[PDB]
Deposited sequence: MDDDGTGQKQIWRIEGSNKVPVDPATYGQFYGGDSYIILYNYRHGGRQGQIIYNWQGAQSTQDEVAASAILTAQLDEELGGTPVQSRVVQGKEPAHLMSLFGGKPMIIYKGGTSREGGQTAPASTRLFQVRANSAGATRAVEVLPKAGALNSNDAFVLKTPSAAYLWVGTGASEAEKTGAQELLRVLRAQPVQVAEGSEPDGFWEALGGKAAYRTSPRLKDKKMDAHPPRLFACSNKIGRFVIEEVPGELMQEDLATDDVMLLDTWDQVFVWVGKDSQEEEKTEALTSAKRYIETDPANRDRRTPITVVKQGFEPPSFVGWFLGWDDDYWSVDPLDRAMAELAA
């Protein structure tokens, strides 16, 4: 879609059974715990059109999803059945949707709203993982504020009641550094720039203590054979939900192939997958000493988890 993303748009958040207008000053910022509807009006190649994007946050509940279905059908009917429809889950946004916020990164907060609990309040200390894809689309995703959440391939923003830090992983790109800066703007905080490896003591303290985190030779490399996750190939950002718990998945990071074993995958799926990995590495050229590392659901090592966009240790 060559439309440039600058058309007029309206964004609503599913709240209970209704769609509620989102504060226009915050378009581009979303709660991962919620579902949203975006009505985008555009004019391109001399013709006017509309697109309804249904965006489902990674933690949005099934009842919100069911509510959006009703809301979107109503909107569509209201509009005379003219808009183009596109359903999108967090992390799988098309380039055109990412372009709707004038170059700003899509920011995804933890929490959200619910019938039973209403709107959650922001935590006092927060950490955001900022990652951009090859095309440059950038996402700032809030995660738990612990040292273990860091990964060398991205930029991170840590905000506390008393300080802000922009941590730059060794493999982070300028797009990630720039998105981090924009996020800091939204958070109204001035950061202390920190390069991975020369963190001041105040940074580790804010995170509750220094600890090992997600790193490896590949995660540290700025360059980037981008890692591919193959189903028992998964496009978009690598999300924890892409790991089929009843199956076995392969994550190829070039100098290493991980064999991820779902808790409910049958024994034979691991066997086949291992056989396949060996062959995959020999189909090609590379090295025959390419390690094939087996990992089990819930016991993933940091060198594996680092490739994911914002992992939740309790996800399962």
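Visitor: May I ask you to mark the stretches of the deposited sequence that the structure leaves without C-alpha coordinates?
Guide: Missing C-alpha atoms (numbering from 1) occur across the ranges 225-226, 235-244, 297-298, 331-344.
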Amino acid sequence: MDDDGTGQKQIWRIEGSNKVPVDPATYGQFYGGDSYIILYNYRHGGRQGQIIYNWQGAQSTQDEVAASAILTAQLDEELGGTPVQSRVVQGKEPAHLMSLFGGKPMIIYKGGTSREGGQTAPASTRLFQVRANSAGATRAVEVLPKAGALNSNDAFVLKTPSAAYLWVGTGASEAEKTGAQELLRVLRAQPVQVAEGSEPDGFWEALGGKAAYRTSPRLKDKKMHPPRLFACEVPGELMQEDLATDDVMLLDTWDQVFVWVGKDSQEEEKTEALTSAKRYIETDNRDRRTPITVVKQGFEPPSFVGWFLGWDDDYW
From here on, numbers count along this sequence of modelled residues.
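C-alpha atoms forming the largest set that superposes within 1.5 Å between two forms make up the rigid core.
Visitor: How do 52-60 and 275-283 compare in 5 other deposited structures of this protein: which one has C-alphas farther from this form after the rigid core is matched?
Guide: After the core superposition, the stretch with higher RMS deviation in 5 other deposited structures of this protein is 275-283.
Visitor: What about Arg288, is it left unmodelled in a third or more of the other PDB entries we looked at?
Guide: Affirmative; at least a third of those entries omit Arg288.
Visitor: Taking the recorded C-alpha temperature factors, which stretch has the higher mean, 234-242 or 100-108?
Guide: The deposited B-factors put 234-242 ahead on the C-alpha mean.
Visitor: If you average the Cα B factors in the entry, which is higher, 182-190 or 150-158?
Guide: Comparing averages over the C-alpha atoms only gives 182-190.
Visitor: Say you rank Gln59, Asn54, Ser265, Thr290 by Cα B-factor from the PDB entry; which sits at the top?
Guide: Result of the comparison over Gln59, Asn54, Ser265, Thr290: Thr290.
Visitor: Specify which of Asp221, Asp76, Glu93, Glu199 carries the largest Cα B factor in the deposited PDB entry.
Guide: By C-alpha B-factor in the record, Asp221 ranks first.
Visitor: Within this chain's modelled residues, let me know which third the CA B factor of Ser86 belongs to: lowest, middle or highest.
Guide: Ranked within chain, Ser86 CA B lands in the lowest tercile.
Visitor: Compare the C-alpha B factor of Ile38 with those of the other modelled residues in its chain, then answer lowest, middle or highest third.
Guide: Its C-alpha B-factor belongs to the lowest third of this chain's values.
Visitor: Lowest, middle or highest third: where is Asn285 by Cα B-factor in its chain?
Guide: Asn285: CA B-factor falls in the highest third of its chain.
Visitor: Can you tell me whether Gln256 has a C-alpha B-factor in the lowest, middle or highest third compared with the other modelled residues of the same chain?
Guide: It falls in the top third of the chain.
Visitor: Per the entry's values, where does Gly118 land by CA temperature factor relative to the rest of its chain, in the lowest, middle or highest third?
Guide: Its C-alpha B-factor, which the entry lists for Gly118, ranks in the highest third among residues of this chain.
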